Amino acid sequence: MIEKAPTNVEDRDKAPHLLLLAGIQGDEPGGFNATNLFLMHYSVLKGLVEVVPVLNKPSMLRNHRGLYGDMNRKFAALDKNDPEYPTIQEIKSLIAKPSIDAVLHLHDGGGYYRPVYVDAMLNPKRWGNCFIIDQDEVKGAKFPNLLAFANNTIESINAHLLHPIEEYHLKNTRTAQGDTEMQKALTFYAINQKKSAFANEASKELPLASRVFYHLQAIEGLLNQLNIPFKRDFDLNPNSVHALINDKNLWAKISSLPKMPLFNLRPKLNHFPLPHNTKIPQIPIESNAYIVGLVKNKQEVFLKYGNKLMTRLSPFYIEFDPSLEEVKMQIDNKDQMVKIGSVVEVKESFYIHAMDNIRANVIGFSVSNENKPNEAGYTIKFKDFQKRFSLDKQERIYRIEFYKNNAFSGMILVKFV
């Protein structure tokens, strides 16, 4: 759970609190890219929006609907030894918090919903591009009229259609009146705790940017109805959403290694150091996005951004010795101390000062075929690199790796600017 809050803590209780959730299925990237964009690019000025950007991360990492079954059928009867039992309890606790008023759950769904059977793509059994409630009213909720909230939100989405076929309609599933499947899903649990709960589905027939667009329209429409004031730092249109999803300023940081850009990495990174005795899902990972993770695939470790594969790591597992904190490097003529885990920009040249017991291997540079080299004490310029060893497709970014005995002391990247 990530809080989207006012900068002043006093303003939290001055408007309602919304819980926003996506990614209960790992192959519905519209939802979890929209929660990501929301987290990265919006501000909430009063009240609070609590966000779980992906409910089923393990499934997301394998581009899979659900590795342990349908997580959205686990809100009623559920076996205590179900692998997702603890996750479900966490989600139910968030939903049931007294401080929460409304819940919004994002999905991607096949085709386009219609109240009347039009054809196999457009009928009441399809889920695409609709806004969903379990009933018209929840007695005892701060905002009991779900139908009014739903219809006004739908108005707001329909003011921005990209094509008429994408028109949004209300789907009231009347869950208590015998809908067995919806009776086991998230939003029904929510209304039973007297929350106004809503679901948005964007059609899978749409490309990602358009799915996300529609999810963000639904979020904005509902926030407007709740009177949770907000801003965003961009114009909401498919192109602006596409640019923010595919944003070259996104980065990820694995363990104590340097920040690396997410987009335009070489597809495979060889001889890549990862801590030994650490399970892949436990390896610390940091990003300015919220849907990034690592996942083991055969012998490789994939870097994932939602359902996108950003690079394949071919790792070697090694002890990460934290003793080395900084290194004396000459950067464009100027000796300075560079902290392990930095990215340093280089206009012309660099040189690493020799160290007692620490050897440095600059990936892409070499003077011999020794497989465990020490390349401290060489003046290195762009011309000295074999470009194919770069981290990036643009051939500007290179790894410098430091070793002490059979331990890994850290990495610095150089970027030629």
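One-based numbering along the sequence shown. Note that the rigid core is defined as the largest set of C-alphas that superpose within 1.5 Å between two forms.
Between stretches 175-183 and 120-128, the one whose Cα atoms sit farther from the displayed model in 4 other deposited structures of this protein on average is 175-183 (core-aligned, root mean square). Between 196-204 and 329-337, the larger mean CA deviation from the shown form in 4 other deposited structures of this protein, after core superposition, belongs to 329-337. Checked against the record, the higher mean CA B factor of 90-98 and 178-186 lies with 178-186. The stretch 74-82 shows the higher mean C-alpha B-factor when 74-82 is compared against 149-157 in the entry. By the numbers in the PDB entry, the CA B factor is greatest at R114 among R114, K308, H215, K204.
If you compare the C-alpha temperature factors of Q386, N56, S43, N36 in the entry, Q386 comes out highest. In this PDB entry, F382 carries a Cα temperature factor that places it within the highest third of its chain's modelled residues. Per the PDB record, residue ranking by Cα B-factor puts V338 in the highest third of the chain. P284 sits in the highest third of its chain by CA B factor, as recorded in the PDB entry. Per the deposited record, the Cα B-factor of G140 falls in the highest third when ranked against the other modelled residues of its chain.
Split the chain's modelled residues into thirds by C-alpha temperature factor. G364 is in the middle one.
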